[PDB]
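Residue numbers (PDB author numbering): 0 to 168.
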Ligand SMILES: Nc1nc2c(ncn2[C@@H]2O[C@H](COP(=O)(O)OP(=O)(O)NP(=O)(O)O)[C@@H](O)[C@H]2O)c(=O)[nH]1
Ligand SMILES: [Mg+2]
């Protein structure tokens with residue numbers, strides 16, 4: 000049968016977790032206008048020649064909401080850790096999300112991808128090489144994305160699936 004992947008998108012408020020998830024699943028960019036909440040989004044894709052089902056949990060970046068935190072972190076198979084390249088604080092916050100995940104999973108080897116989003120904007124304060132250097136320290140892939148243009152979006156999620164598959168040997 001088809002394998003399903005429970006992917007969890009985490010990161011600071013406003014970095015574009017929802018917009019990435021909606022661009023991946025629905026192929027359009029949300030900004031000014033209203034939208035209905037779902038929080039869990041599903042998609043069939045072919046990655047490296049194997050069809051699979053993606054189940055994406057789009058988490059809140061507000062720290063005051065975390066009832067599901069140890070929940071959705073416990074049920075997730077891999078994590079997209081998102082910061083925005085114009086938000087130094089959200090890049091600094093990656094450490095805290097990676098530590099939360101490691102604790103909840105009780106593992107030093109959790110499938111994860113570091114995502115630097117909003118790479119269409121000119122106001123960059125996080126250098127690509129600095130984020131690459133951090134991802135190398137963790138041993139995980141780094142991808143730059145734009146939910147506005149779709150640059151990198153498929154690649155970020157598919158790379159996470161490839162990390163889960165590699166882990167599962
Ligand atoms: N220029 C640009 N703006 C983006 C990009 N991704 C998201 N945004 C904008 O940034 C804002 C925050 O995006 P949103 O997806 O709601 O962020 P979030 O991480 O889910 N927020 P929260 O943690 O509050 O749930 C929105 O105005 C959205 O249009 C991107 O790649 N480029
Ligand atoms: Mg959101």
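Even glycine gets a Cβ: it sits at the ideal position worked out from N, Cα and C.
Is the CB-CB distance between residue i and residue j below 9 Å?
i	j	result
residue 19	residue 81	yes
residue 124	residue 148	no
residue 116	residue 91	no
residue 72	residue 114	no
residue 2	residue 56	no
residue 58	residue 104	no
Counting only the same chain and skipping the five closest in sequence on each side, list residues whose C-beta sits under 7 Å from that of residue i.
i	result
residue 163	4, 76, 77 and 110
residue 159	6, 77, 79, 110 and 112
Could you check the C-alpha separation between residue i and residue j for me, to the nearest Å?
i	j	result
residue 26	residue 44	14 Å
residue 95	residue 33	31 Å
residue 132	residue 168	26 Å
residue 122	residue 107	34 Å
residue 150	residue 70	31 Å
residue 145	residue 29	12 Å
residue 67	residue 141	26 Å
residue 65	residue 119	30 Å
residue 102	residue 127	27 Å
residue 135	residue 100	18 Å
residue 166	residue 49	16 Å
residue 38	residue 74	14 Å
residue 161	residue 31	34 Å
residue 0	residue 46	15 Å
residue 62	residue 152	25 Å
Spatial neighbours of residue i within its chain, please: C-beta separation below 6 Å, excluding the five flanking residues on both sides.
i	result
residue 156	23
residue 42	24 and 53
residue 40	20, 24 and 55
residue 130	115 and 141
Within its chain, find whatever has a CB closer than 8 Å to the CB of residue i; leave out the 5 residues flanking it on each side and keep chain order.
i	result
residue 14	60, 81, 82, 83, 86, 89, 116 and 117
residue 93	10, 80, 82, 113 and 133
residue 137	97, 111 and 113
Is any non-hydrogen atom of ligand 2 found closer than 8 Å to the C-beta of residue i, if you look at the structure I gave you?
i	result
residue 83	no
residue 66	no
residue 17	yes
residue 11	no
Where does residue i land, buried or exposed, given buried means 16+ other C-beta within 10 angstroms?
i	result
residue 97	buried
residue 21	buried
residue 36	exposed
I want to check one thing, is the minimum distance from the CB of residue i to the heavy atoms of ligand 1 below 8 Å?
i	result
residue 160	no
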